[PDB]
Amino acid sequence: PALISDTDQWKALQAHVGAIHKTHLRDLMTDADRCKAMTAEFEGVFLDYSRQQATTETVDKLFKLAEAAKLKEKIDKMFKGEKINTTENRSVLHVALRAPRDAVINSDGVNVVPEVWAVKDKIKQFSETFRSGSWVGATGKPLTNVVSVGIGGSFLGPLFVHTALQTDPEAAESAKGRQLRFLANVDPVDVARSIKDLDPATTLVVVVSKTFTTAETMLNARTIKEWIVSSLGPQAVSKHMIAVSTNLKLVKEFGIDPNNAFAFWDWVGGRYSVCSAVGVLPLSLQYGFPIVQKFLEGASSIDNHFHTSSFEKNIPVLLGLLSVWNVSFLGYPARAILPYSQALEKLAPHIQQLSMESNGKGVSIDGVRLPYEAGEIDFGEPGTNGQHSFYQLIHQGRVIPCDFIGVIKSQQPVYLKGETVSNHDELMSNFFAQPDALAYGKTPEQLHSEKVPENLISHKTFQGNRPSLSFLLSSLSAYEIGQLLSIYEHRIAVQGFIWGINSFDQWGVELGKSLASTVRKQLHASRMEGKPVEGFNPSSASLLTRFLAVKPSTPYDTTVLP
């Protein structure tokens, strides 16, 4: 009901900001009891948030806000299958995607778990048939390359897990000689990328779209379908294309065998769909189902930890509260996702959609316009890549709270005889230093003490007191990748739960889709019927005229592929 910014716990945290402004992390980081209290741990995940602009009292006052906002109740209702997505009247049950085969999680009055595992066992049987070569192509060759066609949550989630599993030794062994590519952009350049160095006779296409009507995905689906027909004949569509969708009619009218359709559900948001057939099917073809099952079990272990653990030990709750503290009370509009792992190269782009599409909202869940701004701007590059890109601003420009992620055991250990440190040790040297560099800074007195010229000390001053948090993971196999994914999925839910918004709808995408259909009609009328440009403002009319002024080089209505 009432806006969270109207409660006393919210106002109490606002007054608490003035006291924290009086503090500096250079002094706070010497307190052994403060540092030890501001940690959390679960299995192979160690969270150290001692470098936040906070004391234990700040965490205490954040817990009371979570109670006033009814955080625990909102969590339980999600797990129990209630339709907490109010604006769409949908359950929010991506946790059921990795629940064990015995659990009971109702939605619309029916337990969804036995049907979640029905698709898993169907994926497993297909993947075993596919990987053992019994699934053959039109020319009689076993398919070894898989293209997954999809946009948004059908792309970023799966791409993240695929990139992280690529260089893990056990996963990479199972994916020997197999490629998995993603065709996401409707830009025809992406189609040329997806099919480069590929043989239609040894390629399988997985079209991912709940509706099977998605404009971008279906145009690519029809495009690569013709690519298959152009080389193998019209009958090769059934043995070379499969679908992750529920519209069985369009799937068959597309030319795909309806039994080759793998279903997910409306209580599976796009940005929470990697654990569904959206991700499990392509990943089980590349790495096998045992590997993806370990990934699901990792995310499942965090779902239990998030649902049952007390708040002082609850890692996703701690993370979500500290982000609200940084965003809504310290005033930091952006957040940097900085994993020191090339395997996590595609983590930040997925967190980008997961966070901003969930929490980039302007009204509460009940439709009251928020007097404050919610979801932060999320970006990131892996260390040390991003370290040599934008850390200059993070140290001396605008303040950006940082998520540092480090892994103890290297996926691909390297050491050369005579080196001071192993390659992974050299990488982690920065993982340990940068958070301390942000917290302490370097005073002008330290600089003048080091005989630095007075005209340079202002330029070499580091103010410090800039917040960070550090994940230390035991390893990065399928299990730990699932844990990291679930941690962020729940953290974003916690932030949206505290802000009192709806983290699970996405109405902000419709207006751009509407106007795009209006432009598409204008393009068709001009290209095919020679109609003038009409119905647009003077700017759009001019830009459309410049675009359409370049006529095609291809004969009228004639197919062209790269």
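Start at 1 with the first residue shown and count on from there.
Practice task
Look up the CA B-factors in the entry and say which stretch, 343-351 or 162-170, has the higher mean.
Solution key: The recorded data point to 162-170.
Problem - Selected stretch [higher average CA B-factor]: 331-339 or 171-179 - result: Comparing averages over the C-alpha atoms only gives 171-179.
Exercise for the section: Go through 388, 490, 94, 131 one by one and give the residue whose Cα B-factor in the PDB entry is largest. Expected result: Largest recorded C-alpha B-factor: 131.
Exercise for the section: Choose from 127, 468, 358, 430 the residue with the greatest Cα B-factor as stated in the PDB record. Expected result: The C-alpha B-factor peaks, among 127, 468, 358, 430, at 127.
Handout entry: For residue 257, the third of its chain into which the C-alpha B factor falls
Key = It falls in the top third of the chain.
Practice task
Sort the modelled residues of this chain by their C-alpha B factor and say whether residue 519 lands in the lowest, middle or highest third.
Solution key: Lowest third.
Exercise for the section: Sorting the chain's modelled residues by C-alpha B-factor, tell me whether residue 26 ends up in the lowest, middle or highest third. Expected result: Highest third.
Practice task
Going by the recorded CA B-factors, say which third of the chain residue 527 sits in, lowest, middle or highest.
Solution key: As the PDB entry reports it, the C-alpha B-factor of residue 527 lands in the lowest third of its chain.
Problem - Lowest, middle or highest third - CA B-factor, residue 57 - result: Its C-alpha B-factor belongs to the highest third of this chain's values.
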